[PDB]
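Below is final_20.cif, which holds mmCIF, C-alpha atoms.
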data_protein
loop_
_atom_site.group_PDB
_atom_site.id
_atom_site.type_symbol
_atom_site.label_atom_id
_atom_site.label_comp_id
_atom_site.auth_asym_id
_atom_site.auth_seq_id
_atom_site.Cartn_x
_atom_site.Cartn_y
_atom_site.Cartn_z
ATOM 1 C CA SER Y 38 -26.476 4.301 -1.629
ATOM 2 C CA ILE Y 39 -26.414 8.004 -0.631
ATOM 3 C CA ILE Y 40 -22.864 7.648 0.846
ATOM 4 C CA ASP Y 41 -21.623 5.816 -2.275
ATOM 5 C CA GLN Y 42 -23.331 8.489 -4.387
ATOM 6 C CA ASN Y 43 -21.770 11.310 -2.344
ATOM 7 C CA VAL Y 44 -18.301 9.714 -2.829
ATOM 8 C CA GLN Y 45 -18.955 9.426 -6.584
ATOM 9 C CA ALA Y 46 -19.881 13.131 -6.603
ATOM 10 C CA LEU Y 47 -16.399 13.885 -5.169
ATOM 11 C CA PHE Y 48 -14.614 12.397 -8.190
ATOM 12 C CA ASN Y 49 -16.356 14.968 -10.447
ATOM 13 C CA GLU Y 50 -14.203 17.709 -8.835
ATOM 14 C CA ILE Y 51 -10.879 16.382 -10.238
ATOM 15 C CA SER Y 52 -9.997 15.273 -13.779
ATOM 16 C CA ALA Y 53 -7.579 12.479 -12.768
ATOM 17 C CA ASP Y 54 -7.997 8.924 -14.062
ATOM 18 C CA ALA Y 55 -8.487 7.024 -10.763
ATOM 19 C CA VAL Y 56 -9.992 4.238 -8.653
ATOM 20 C CA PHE Y 57 -10.420 3.787 -4.906
ATOM 21 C CA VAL Y 58 -10.955 0.223 -3.707
ATOM 22 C CA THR Y 59 -12.050 -0.694 -0.178
ATOM 23 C CA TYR Y 60 -12.094 -4.112 1.428
ATOM 24 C CA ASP Y 61 -13.611 -5.047 4.816
ATOM 25 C CA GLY Y 62 -12.939 -8.818 4.756
ATOM 26 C CA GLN Y 63 -16.150 -9.530 2.788
ATOM 27 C CA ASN Y 64 -16.834 -7.087 -0.043
ATOM 28 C CA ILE Y 65 -14.763 -5.211 -2.553
ATOM 29 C CA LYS Y 66 -16.218 -1.799 -3.326
ATOM 30 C CA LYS Y 67 -14.938 0.435 -6.145
ATOM 31 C CA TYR Y 68 -15.224 4.203 -6.547
ATOM 32 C CA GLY Y 69 -13.621 6.722 -8.897
ATOM 33 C CA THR Y 70 -13.372 8.024 -12.442
ATOM 34 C CA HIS Y 71 -12.073 4.808 -14.077
ATOM 35 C CA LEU Y 72 -13.228 1.641 -12.284
ATOM 36 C CA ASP Y 73 -11.351 -0.635 -14.709
ATOM 37 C CA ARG Y 74 -8.159 0.443 -12.897
ATOM 38 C CA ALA Y 75 -9.157 -1.810 -9.915
ATOM 39 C CA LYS Y 76 -8.385 -5.014 -11.824
ATOM 40 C CA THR Y 77 -5.526 -3.566 -13.886
ATOM 41 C CA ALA Y 78 -1.990 -4.531 -12.850
ATOM 42 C CA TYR Y 79 0.601 -1.821 -12.121
ATOM 43 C CA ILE Y 80 4.067 -1.666 -10.617
ATOM 44 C CA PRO Y 81 3.832 -1.372 -6.799
ATOM 45 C CA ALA Y 82 6.613 1.260 -6.584
ATOM 46 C CA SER Y 83 7.233 2.053 -2.865
ATOM 47 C CA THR Y 84 4.018 0.196 -1.843
ATOM 48 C CA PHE Y 85 6.446 -2.732 -2.194
ATOM 49 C CA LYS Y 86 8.058 -1.569 1.015
ATOM 50 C CA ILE Y 87 5.250 -3.574 2.797
ATOM 51 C CA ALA Y 88 6.352 -6.882 1.308
ATOM 52 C CA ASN Y 89 10.106 -6.044 1.487
ATOM 53 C CA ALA Y 90 10.016 -5.321 5.203
ATOM 54 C CA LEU Y 91 7.990 -8.487 5.984
ATOM 55 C CA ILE Y 92 10.259 -10.701 3.924
ATOM 56 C CA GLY Y 93 13.399 -9.035 5.344
ATOM 57 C CA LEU Y 94 12.286 -9.490 8.963
ATOM 58 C CA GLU Y 95 10.956 -13.051 8.489
ATOM 59 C CA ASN Y 96 14.261 -14.204 6.919
ATOM 60 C CA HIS Y 97 16.471 -12.358 9.442
ATOM 61 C CA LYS Y 98 18.003 -9.932 6.928
ATOM 62 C CA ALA Y 99 17.200 -6.985 9.229
ATOM 63 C CA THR Y 100 15.665 -6.185 12.608
ATOM 64 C CA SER Y 101 12.678 -3.826 12.902
ATOM 65 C CA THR Y 102 14.827 -1.373 14.886
ATOM 66 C CA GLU Y 103 17.192 -1.253 11.898
ATOM 67 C CA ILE Y 104 14.347 -0.668 9.439
ATOM 68 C CA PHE Y 105 12.546 1.911 11.620
ATOM 69 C CA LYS Y 106 15.892 3.739 12.031
ATOM 70 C CA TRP Y 107 16.639 3.744 8.281
ATOM 71 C CA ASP Y 108 13.090 4.977 7.575
ATOM 72 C CA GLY Y 109 13.455 7.954 9.964
ATOM 73 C CA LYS Y 110 16.687 9.523 8.620
ATOM 74 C CA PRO Y 111 16.691 13.241 7.594
ATOM 75 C CA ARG Y 112 14.842 12.832 4.267
ATOM 76 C CA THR Y 131 9.657 9.326 0.645
ATOM 77 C CA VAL Y 132 9.910 6.844 2.265
ATOM 78 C CA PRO Y 133 11.463 4.459 -0.299
ATOM 79 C CA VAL Y 134 11.998 0.677 -0.202
ATOM 80 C CA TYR Y 135 15.114 -0.134 1.871
ATOM 81 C CA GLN Y 136 17.209 -1.144 -1.092
ATOM 82 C CA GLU Y 137 20.083 -2.687 0.892
ATOM 83 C CA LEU Y 138 17.546 -4.974 2.591
ATOM 84 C CA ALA Y 139 16.116 -6.076 -0.779
ATOM 85 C CA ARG Y 140 19.682 -6.880 -1.788
ATOM 86 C CA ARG Y 141 20.305 -8.873 1.436
ATOM 87 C CA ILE Y 142 17.156 -10.898 0.677
ATOM 88 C CA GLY Y 143 18.528 -11.328 -2.851
ATOM 89 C CA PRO Y 144 16.732 -12.461 -6.046
ATOM 90 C CA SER Y 145 16.471 -16.184 -5.270
ATOM 91 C CA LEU Y 146 14.819 -15.715 -1.870
ATOM 92 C CA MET Y 147 12.746 -12.692 -2.945
ATOM 93 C CA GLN Y 148 11.323 -14.683 -5.863
ATOM 94 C CA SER Y 149 10.418 -17.718 -3.760
ATOM 95 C CA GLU Y 150 8.979 -15.566 -0.942
ATOM 96 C CA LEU Y 151 6.817 -13.532 -3.308
ATOM 97 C CA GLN Y 152 5.517 -16.787 -4.841
ATOM 98 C CA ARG Y 153 4.967 -18.237 -1.341
ATOM 99 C CA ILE Y 154 2.876 -15.221 -0.250
ATOM 100 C CA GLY Y 155 1.126 -14.657 -3.619
ATOM 101 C CA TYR Y 156 2.164 -11.038 -4.190
ATOM 102 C CA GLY Y 157 0.896 -9.502 -7.415
ATOM 103 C CA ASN Y 158 2.226 -11.364 -10.435
ATOM 104 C CA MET Y 159 5.164 -12.671 -8.297
ATOM 105 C CA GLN Y 160 7.721 -11.911 -11.051
ATOM 106 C CA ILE Y 161 10.928 -9.985 -10.287
ATOM 107 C CA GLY Y 162 12.876 -10.826 -13.470
ATOM 108 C CA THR Y 163 16.506 -11.964 -13.342
ATOM 109 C CA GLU Y 164 19.071 -9.683 -11.662
ATOM 110 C CA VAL Y 165 16.669 -6.716 -11.715
ATOM 111 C CA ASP Y 166 17.861 -4.269 -9.035
ATOM 112 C CA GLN Y 167 14.625 -2.283 -8.418
ATOM 113 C CA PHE Y 168 11.915 -4.504 -9.914
ATOM 114 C CA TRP Y 169 9.236 -2.659 -7.842
ATOM 115 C CA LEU Y 170 10.164 0.524 -9.797
ATOM 116 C CA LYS Y 171 10.920 -0.870 -13.301
ATOM 117 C CA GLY Y 172 8.839 -4.047 -13.513
ATOM 118 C CA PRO Y 173 8.425 -6.858 -14.146
ATOM 119 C CA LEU Y 174 6.602 -7.005 -10.791
ATOM 120 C CA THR Y 175 3.003 -5.782 -10.916
ATOM 121 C CA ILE Y 176 -0.103 -5.929 -8.730
ATOM 122 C CA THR Y 177 -3.764 -4.879 -8.978
ATOM 123 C CA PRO Y 178 -5.399 -2.463 -6.541
ATOM 124 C CA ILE Y 179 -7.747 -5.332 -5.549
ATOM 125 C CA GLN Y 180 -4.692 -7.449 -4.736
ATOM 126 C CA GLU Y 181 -3.152 -4.517 -2.870
ATOM 127 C CA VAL Y 182 -6.203 -3.874 -0.672
ATOM 128 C CA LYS Y 183 -6.611 -7.601 0.221
ATOM 129 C CA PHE Y 184 -2.873 -7.877 1.037
ATOM 130 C CA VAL Y 185 -2.829 -5.046 3.594
ATOM 131 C CA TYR Y 186 -6.140 -6.329 4.975
ATOM 132 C CA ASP Y 187 -4.436 -9.698 5.550
ATOM 133 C CA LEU Y 188 -1.526 -7.772 7.146
ATOM 134 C CA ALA Y 189 -3.874 -5.746 9.338
ATOM 135 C CA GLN Y 190 -5.528 -8.967 10.609
ATOM 136 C CA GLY Y 191 -2.316 -11.043 10.997
ATOM 137 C CA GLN Y 192 -3.557 -13.328 8.192
ATOM 138 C CA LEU Y 193 -0.388 -13.375 6.049
ATOM 139 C CA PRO Y 194 2.011 -16.340 6.441
ATOM 140 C CA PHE Y 195 4.527 -14.449 8.605
ATOM 141 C CA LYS Y 196 5.350 -14.280 12.320
ATOM 142 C CA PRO Y 197 2.532 -12.306 14.022
ATOM 143 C CA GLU Y 198 5.222 -10.089 15.627
ATOM 144 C CA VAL Y 199 6.641 -9.338 12.155
ATOM 145 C CA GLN Y 200 3.217 -8.385 10.828
ATOM 146 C CA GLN Y 201 2.655 -6.100 13.866
ATOM 147 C CA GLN Y 202 6.015 -4.354 13.438
ATOM 148 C CA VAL Y 203 5.361 -3.781 9.708
ATOM 149 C CA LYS Y 204 1.870 -2.519 10.647
ATOM 150 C CA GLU Y 205 3.456 0.104 12.942
ATOM 151 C CA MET Y 206 5.918 1.257 10.256
ATOM 152 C CA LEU Y 207 2.783 2.325 8.284
ATOM 153 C CA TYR Y 208 1.064 4.118 11.169
ATOM 154 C CA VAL Y 209 0.006 7.659 10.160
ATOM 155 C CA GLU Y 210 -2.656 8.920 12.525
ATOM 156 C CA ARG Y 211 -5.172 8.251 15.242
ATOM 157 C CA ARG Y 212 -8.668 9.796 15.518
ATOM 158 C CA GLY Y 213 -10.139 8.559 18.788
ATOM 159 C CA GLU Y 214 -8.938 4.946 18.718
ATOM 160 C CA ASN Y 215 -9.552 4.771 14.944
ATOM 161 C CA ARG Y 216 -6.016 4.246 13.584
ATOM 162 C CA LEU Y 217 -4.952 5.121 10.018
ATOM 163 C CA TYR Y 218 -2.167 3.195 8.347
ATOM 164 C CA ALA Y 219 -0.888 3.987 4.833
ATOM 165 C CA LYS Y 220 1.867 3.742 2.241
ATOM 166 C CA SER Y 221 2.247 5.991 -0.815
ATOM 167 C CA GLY Y 222 3.774 4.998 -4.141
ATOM 168 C CA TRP Y 223 4.675 6.836 -7.306
ATOM 169 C CA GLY Y 224 6.025 4.928 -10.320
ATOM 170 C CA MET Y 225 7.854 7.622 -12.272
ATOM 171 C CA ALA Y 226 9.695 5.166 -14.588
ATOM 172 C CA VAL Y 227 6.579 3.598 -16.178
ATOM 173 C CA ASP Y 228 4.509 5.503 -18.738
ATOM 174 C CA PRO Y 229 1.793 6.267 -17.893
ATOM 175 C CA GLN Y 230 3.020 6.965 -14.365
ATOM 176 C CA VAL Y 231 1.157 5.414 -11.478
ATOM 177 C CA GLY Y 232 0.284 6.802 -8.073
ATOM 178 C CA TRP Y 233 -0.602 4.694 -5.073
ATOM 179 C CA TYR Y 234 -2.022 5.368 -1.618
ATOM 180 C CA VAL Y 235 -2.635 2.024 -0.019
ATOM 181 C CA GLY Y 236 -3.546 1.249 3.582
ATOM 182 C CA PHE Y 237 -6.172 0.542 6.187
ATOM 183 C CA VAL Y 238 -8.129 1.997 9.081
ATOM 184 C CA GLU Y 239 -8.324 -0.175 12.189
ATOM 185 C CA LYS Y 240 -11.474 0.826 14.076
ATOM 186 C CA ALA Y 241 -11.754 1.213 17.841
ATOM 187 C CA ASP Y 242 -14.107 -1.811 18.119
ATOM 188 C CA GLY Y 243 -11.628 -3.991 16.116
ATOM 189 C CA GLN Y 244 -13.160 -3.857 12.613
ATOM 190 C CA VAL Y 245 -10.850 -3.105 9.643
ATOM 191 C CA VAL Y 246 -11.409 -1.289 6.336
ATOM 192 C CA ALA Y 247 -8.524 -1.643 3.880
ATOM 193 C CA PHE Y 248 -8.215 0.775 0.941
ATOM 194 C CA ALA Y 249 -6.252 1.488 -2.226
ATOM 195 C CA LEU Y 250 -6.065 4.680 -4.223
ATOM 196 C CA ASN Y 251 -4.731 3.982 -7.706
ATOM 197 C CA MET Y 252 -4.457 6.853 -10.159
ATOM 198 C CA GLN Y 253 -2.538 8.010 -13.204
ATOM 199 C CA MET Y 254 0.156 10.547 -12.260
ATOM 200 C CA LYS Y 255 1.876 13.286 -14.284
ATOM 201 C CA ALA Y 256 5.245 15.001 -13.770
ATOM 202 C CA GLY Y 257 4.681 18.208 -11.768
ATOM 203 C CA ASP Y 258 1.598 16.846 -9.982
ATOM 204 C CA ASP Y 259 1.094 17.797 -6.346
ATOM 205 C CA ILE Y 260 2.918 15.290 -4.086
ATOM 206 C CA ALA Y 261 0.148 15.592 -1.435
ATOM 207 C CA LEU Y 262 -2.897 14.828 -3.622
ATOM 208 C CA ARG Y 263 -2.938 11.027 -3.227
ATOM 209 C CA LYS Y 264 -3.124 11.398 0.538
ATOM 210 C CA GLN Y 265 -5.591 14.240 0.475
ATOM 211 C CA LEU Y 266 -7.927 12.546 -2.020
ATOM 212 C CA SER Y 267 -7.827 9.273 -0.033
ATOM 213 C CA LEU Y 268 -8.615 11.061 3.273
ATOM 214 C CA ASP Y 269 -11.533 12.890 1.654
ATOM 215 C CA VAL Y 270 -12.959 9.549 0.424
ATOM 216 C CA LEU Y 271 -12.443 7.927 3.849
ATOM 217 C CA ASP Y 272 -14.224 10.924 5.409
ATOM 218 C CA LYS Y 273 -17.196 10.699 2.993
ATOM 219 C CA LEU Y 274 -17.307 6.916 3.594
ATOM 220 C CA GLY Y 275 -17.532 7.461 7.405
ATOM 221 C CA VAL Y 276 -14.430 5.282 7.874
ATOM 222 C CA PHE Y 277 -12.011 7.951 9.166
ATOM 223 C CA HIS Y 278 -12.395 11.691 9.929
ATOM 224 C CA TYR Y 279 -8.918 13.313 9.591
#

Output the file's structure in the form of structure tokens.
Amino acid sequence: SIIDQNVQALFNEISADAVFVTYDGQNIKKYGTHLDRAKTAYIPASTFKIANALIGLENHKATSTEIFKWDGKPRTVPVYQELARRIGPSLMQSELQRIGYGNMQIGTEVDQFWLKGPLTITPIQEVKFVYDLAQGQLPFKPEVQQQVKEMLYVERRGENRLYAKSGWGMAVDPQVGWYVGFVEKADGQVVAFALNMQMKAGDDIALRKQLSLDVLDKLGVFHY
């Protein structure tokens, strides 16, 4: 109660339209200025990178070394567009259906469907997806799930490990901002999370991360 309250107090300090969803395998919890956002569908933007990498590796369209290398070039970080193209529309479509990702619609010959639509996904879907990833519970090779996990690795605090992916849909209006991830605790326990907020042009690039970390701190889940 008092922790939930204290988190709710935090969202007074900023005027952004936002939700923060957590999932621990059992309960969805929702915090923020506009809780309706949790069950609203938005374009994944670069959060799609999570599905693209999994699908690419599972169907032998890239190795993890190749993806890790592409991700680390002098250069945020976007979907590996060449890999999406190697997967191709037919396979992407059937793989997204197979795994149940968002609305599972990519259109027909849409180049960057994660940026333009028609693909969308709720925060609640996002947070359950990366939870499944964290626990090896997606229908992919365990090795593939582990190597996608490590692509998302941000930070360690003790043996509490933070994993995250940011997104910013600049081509939809209103624009959408994502910070999706999970904290894998030292014991083994996992708390998945999703920041979803409305973005503007000229907004601070660092705010999604910093707001998420402040929530995770208040929640007792991770102390950056």

Next item on the list: Find, counting only C-alpha atoms, the residue in Y:143, Y:222, Y:236, Y:213 that gets nearest to residue 98 (chain Y).
Entry: Y:143

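The space between CA of residue 146 (chain Y) and CA of residue 251 (chain Y) spans 28.4 Å.
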
Check: Once the PyMOL selection byres ((chain Y and resi 174) around 12) has been applied to the shown file, what residues remain in the selection, as number ranges by chain?
Finding: Y: 78-82, 84-85, 147-148, 151-152, 155-163, 165-173, 175-177, 224, 227

Checklist line | For CA of residue 45 (chain Y) and CA of residue 257 (chain Y), the interatomic separation in Å (one decimal) | finding: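 Value for the CA of residue 45 (chain Y)-CA of residue 257 (chain Y) distance: 25.7 Å.
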
Might you spell out which residues the PyMOL selection byres ((chain Y and resi 75) around 8) would select in the displayed file, as a PDB file with C-alpha atoms, in the coordinates of the input?
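Just written: part-v5.pdb:
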ATOM      1  CA  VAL Y  56      -9.992   4.238  -8.653  1.00  0.00           C
ATOM      2  CA  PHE Y  57     -10.420   3.787  -4.906  1.00  0.00           C
ATOM      3  CA  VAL Y  58     -10.955   0.223  -3.707  1.00  0.00           C
ATOM      4  CA  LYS Y  67     -14.938   0.435  -6.145  1.00  0.00           C
ATOM      5  CA  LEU Y  72     -13.228   1.641 -12.284  1.00  0.00           C
ATOM      6  CA  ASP Y  73     -11.351  -0.635 -14.709  1.00  0.00           C
ATOM      7  CA  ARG Y  74      -8.159   0.443 -12.897  1.00  0.00           C
ATOM      8  CA  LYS Y  76      -8.385  -5.014 -11.824  1.00  0.00           C
ATOM      9  CA  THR Y  77      -5.526  -3.566 -13.886  1.00  0.00           C
ATOM     10  CA  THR Y 177      -3.764  -4.879  -8.978  1.00  0.00           C
ATOM     11  CA  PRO Y 178      -5.399  -2.463  -6.541  1.00  0.00           C
ATOM     12  CA  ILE Y 179      -7.747  -5.332  -5.549  1.00  0.00           C
ATOM     13  CA  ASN Y 251      -4.731   3.982  -7.706  1.00  0.00           C
TER      14      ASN Y 251
END

Next item on the list: Pick out the closest residue to residue 200 (chain Y) from this set: Y:44, Y:88, Y:226, Y:276. Count all atoms listed in the file.
Entry: Y:88

Next item on the list: Let me know the residues the PyMOL selection byres ((chain Y and resi 138) around 10) catches in the file above, as a PyMOL selection string.
Entry: chain Y and resi 89-90+92-94+98-99+104+134-137+139-143

Requested write-out: C-alpha atoms of the selected residues, as a compact mmCIF listing (two decimals), in the frame of the given file:
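Contents of result-v2.txt, freshly written:
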# COMPACT_ATOMS: atom_id res chain seq x y z
CA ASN Y 89 10.11 -6.04 1.49
CA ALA Y 90 10.02 -5.32 5.20
CA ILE Y 92 10.26 -10.70 3.92
CA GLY Y 93 13.40 -9.04 5.34
CA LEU Y 94 12.29 -9.49 8.96
CA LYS Y 98 18.00 -9.93 6.93
CA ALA Y 99 17.20 -6.98 9.23
CA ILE Y 104 14.35 -0.67 9.44
CA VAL Y 134 12.00 0.68 -0.20
CA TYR Y 135 15.11 -0.13 1.87
CA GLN Y 136 17.21 -1.14 -1.09
CA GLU Y 137 20.08 -2.69 0.89
CA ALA Y 139 16.12 -6.08 -0.78
CA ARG Y 140 19.68 -6.88 -1.79
CA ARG Y 141 20.30 -8.87 1.44
CA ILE Y 142 17.16 -10.90 0.68
CA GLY Y 143 18.53 -11.33 -2.85

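Atom to atom, CA of residue 228 (chain Y) and CA of residue 144 (chain Y) stand 25.2 Å apart.
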
Next item on the list: Write out as an NGL selection string which residues come within 9 Å of region 244-250 of chain Y when counting only C-alpha atoms, dropping same-chain ones fewer than 3 positions away.
Entry: :Y and (55-62 or 75 or 178-179 or 181-186 or 189-190 or 219 or 232-241 or 263-264 or 266-267 or 271 or 276)
